[PDB]
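Report on the following structure.
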Number of protein chains: 2
Amino acid sequence: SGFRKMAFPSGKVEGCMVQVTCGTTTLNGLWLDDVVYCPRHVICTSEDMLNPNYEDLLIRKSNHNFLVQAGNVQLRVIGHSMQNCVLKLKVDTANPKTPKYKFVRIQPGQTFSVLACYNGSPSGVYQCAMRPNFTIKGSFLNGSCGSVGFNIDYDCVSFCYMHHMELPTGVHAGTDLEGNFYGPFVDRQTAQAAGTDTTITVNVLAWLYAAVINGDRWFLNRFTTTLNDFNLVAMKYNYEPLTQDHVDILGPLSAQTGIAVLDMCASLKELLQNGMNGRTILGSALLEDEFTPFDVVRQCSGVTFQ
Amino acid sequence: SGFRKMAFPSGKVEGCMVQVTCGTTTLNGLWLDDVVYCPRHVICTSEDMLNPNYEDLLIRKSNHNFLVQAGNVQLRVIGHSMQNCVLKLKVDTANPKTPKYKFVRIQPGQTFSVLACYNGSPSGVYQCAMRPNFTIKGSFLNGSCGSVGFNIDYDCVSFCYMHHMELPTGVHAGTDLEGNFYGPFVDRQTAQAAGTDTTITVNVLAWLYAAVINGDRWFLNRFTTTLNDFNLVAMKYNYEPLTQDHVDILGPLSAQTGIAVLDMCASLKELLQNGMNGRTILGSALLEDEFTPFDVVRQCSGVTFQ
Ligand SMILES: CCN(CC)c1cccc(NC(C)=O)c1
Ligand SMILES: CCN(CC)c1cccc(NC(C)=O)c1
Ligand SMILES: CCN(CC)c1cccc(NC(C)=O)c1
Ligand SMILES: CCN(CC)c1cccc(NC(C)=O)c1
């Protein structure tokens, strides 16, 4: 027992990180098969970032201008192309440590692990969620662009995120591995504001189920509610509206705890209205929203879902 | 910027995890060079765990009774010995993925990463601290015994923890890799109670420095204090006493923030006396104590310490 924010083991992704240098800009790439993926802003000088025209900047770049280093080995670049906001560098050597993998574009509320990297070298791993405003709240310093986010199912790495930049408010924006930004952001050094960071209700519910399973039960109340009554409350507190799709994926936790989803919603409603009164749940004094229902069911062995 | 609870990349340790079966008990081992390390309770039946005599139980075990599996490959056991509460199984094959490594026994307050594993297969990674009562607050389900905790310095893995059991209160106990328990615990299925779980003051201070660096400054107050005045307050709130050794390792953060260590102590004292008044620090509504000063300096690039 116990319940922790837990990342995926990172070794499968570690073996894919490389350093990419163009001119005087160095960042991280992702080497899969014979392609290296990286943010296209590798081609920009810091001054170019103010108002880049990427197509124009790319005219002055050849294969031999992209330096790709995998530990000590230099990789030979034999082609390059731009796909949305990523560059794809064709190299002459397939990565021997390529894992089984897919590229997936996740929805807001979904969680994933980030392998923060500098100069192609992995430094740390942590779990993130895609916020409803399409930012993530990461930890990223100079040189971490091109660090990736992923999920693992058995032996298959699903890559869902590549880090591109930090907003003025200190939250993070990036792309899928086809180079499409999450949210409205662009790869330009011009101030860009995030929308409302609402709480991922379905995740808070999952985590409340996790707390019950671990014996944190003080917050369980005597009430139930309806989806509409609950949503009236959610909206007030900047919680995402709960739908029947959300209710459906909470089914295994309801069954384990014997606590009906709507009963748990009524407990959550009272927490929102009364606060926690200085108490904790799973060692937190706030309601945690970066565990999905699927995440919980992975750390609560006695939840039946498969 | 941003600040996250971040584990070490786990790939170096992933390549060392094996499954160890003895009779009908299966758990995890750590394969380094030609030795596999695992909890000695692998030899016990569930009934044996009530009151095991390990020396006596071991008389009835031979090399061929320990099944060691590395993925599909079965490893041949050519010797075994008990060292404190661990078994060392000599195998005929050195692990080809052995990293540079050391065994270290950590102090209370030190942090490390756990690679939670089942059947020799890594499932998740998270950061832990050794609590002042010599427990950890982990996430461990059936079959996770022999999962390890570690730190990485550049290319060298320092192993500091091996998981052995869960106390009745749902917290975790284990050994160093020489098989000595942290704290007073024993590998027997008899109820064992933990002492006071005090807060690691020096870590809370480090994390307050991390918050300042990231622009969370609301809690900075107008006061300073002394080590004795502060410690009078610490004791009341079940905080570890702060020493000049602690003050010394906070030196780089004081220098960066220009906030004297004692000034930060005075801010902490006011948080203890007044609470957080519904505010957050680094997205927490409580004072976080599982980041060391060394941990902070790794995610706050503009802290000068080397
Ligand atoms: C838009 C400008 N760019 C891209 C070069 C930018 C802005 C802020 C921060 C970072 N770097 C990280 C690691 O987020 C990168
Ligand atoms: C029904 C089983 N569970 C959670 C218990 C499940 C199954 C499919 C998808 C998701 N989705 C998320 C976001 O967790 C969750
Ligand atoms: C003392 C009995 N043992 C050892 C077999 C024990 C007790 C509780 C839990 C676990 N297992 C884990 C993963 O902690 C193991
Ligand atoms: C002085 C540099 N730092 C932290 C900034 C440092 C150096 C050596 C040891 C520890 N120790 C811990 C527990 O963090 C910390």
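What is reported rests on the model, the rules as stated and the sources as named; no laboratory instrument gave them. Note that we place each Cβ from the backbone using ideal geometry, even for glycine, and neighbour counts take in every protein chain shown.
Listing for the model above:
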read-out	value
Among (1) away from ligand 3 (no atom under 16 Å from the Cβ); (2) within 14 Å of chain B (Cβ to nearest Cβ); (3) in a loop (DSSP other than H, G, I, E, B); (4) not hydroxyl-bearing (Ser, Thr, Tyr), the one test that residue A:177 misses	(2)
Complete set of residues in the stretch A:122-141 that are more than 9 Å from every other protein chain (Cβ to nearest Cβ) and farther than 13 Å from residue A:167 by Cα	A:129, A:130, A:131, A:132
Count of residues meeting criterion [more than 16 Å from ligand 2 (Cβ to nearest atom) and assigned to a strand (DSSP E or B)] in the stretch A:111-135	11
Enumerated strands (runs of 3 or more DSSP E) restricted to the stretch B:2-83, each holding at least 1 residues that are among the aromatic types (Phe, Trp, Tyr) and buried (at least 19 other Cβ atoms within 10 Å of the Cβ)	B:25-32, B:35-39, B:66-70
Tabulated pairs, the stretch A:95-119, first within 14 Å of chain B (Cβ to nearest Cβ) and in contact (Cβ under 8 Å) with a residue 12 or more places away in the chain, second of a type in the set (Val, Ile, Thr) and in a loop (DSSP other than H, G, I, E, B), C-beta under 8 angstrom, 6+ apart or interchain	A:111/A:292; A:112/A:106
Residue pairs meeting the criteria (Cβ under 6 Å; at least 6 apart or on separate chains; first under 24 Å from residue B:296 (Cβ atoms), in the stretch B:120-131; second of a type in the set (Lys, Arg) and assigned to a loop (DSSP other than H, G, I, E, B))	B:126/A:4; B:127/B:5
Residue B:255 being over 28 Å from residue B:126 (Cα atoms), small (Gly, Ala, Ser) and either within 16 Å of ligand 4 (Cβ to nearest atom) or part of a loop (DSSP other than H, G, I, E, B) (or both)	yes
For residue A:149: the one exception among (1) surrounded by 21 or more Cβ atoms within 10 Å (Cβ to Cβ); (2) part of a loop (DSSP other than H, G, I, E, B)	(2)
Selection status of residue B:6, assigned by CATH to the domain that holds residue B:114 and among the hydrophobic types (A, V, I, L, M, F, W, C)	yes
In the stretch A:150-168, residue farthest from ligand 3 (Cβ to nearest atom) [restricted to those that are of a type in the set (D, E, K, R) and farther than 14 Å from residue A:7 by Cα]	A:166
Filter result for the condition that a residue is within 14 Å of chain A (Cβ to nearest Cβ) and of a type outside the set (D, E, K, R), over B:276, B:264, B:235	B:276
Residue within the stretch A:16-39 that is closer than 19 Å to residue A:151 by Cβ, touching a helix residue (DSSP H, G or I) at 6+ places or on another chain (Cβ under 8 Å) and within 14 Å of chain B (Cβ to nearest Cβ) present	no
Test: residue in the stretch A:161-168 that is more than 27 Å from residue A:103 (Cα to Cα), within 16 Å of ligand 1 (Cβ to nearest atom), more than 16 Å from the chain's Cα centre (by Cα) and of a type outside the set (A, V, I, L, M, F, W, C)	yes
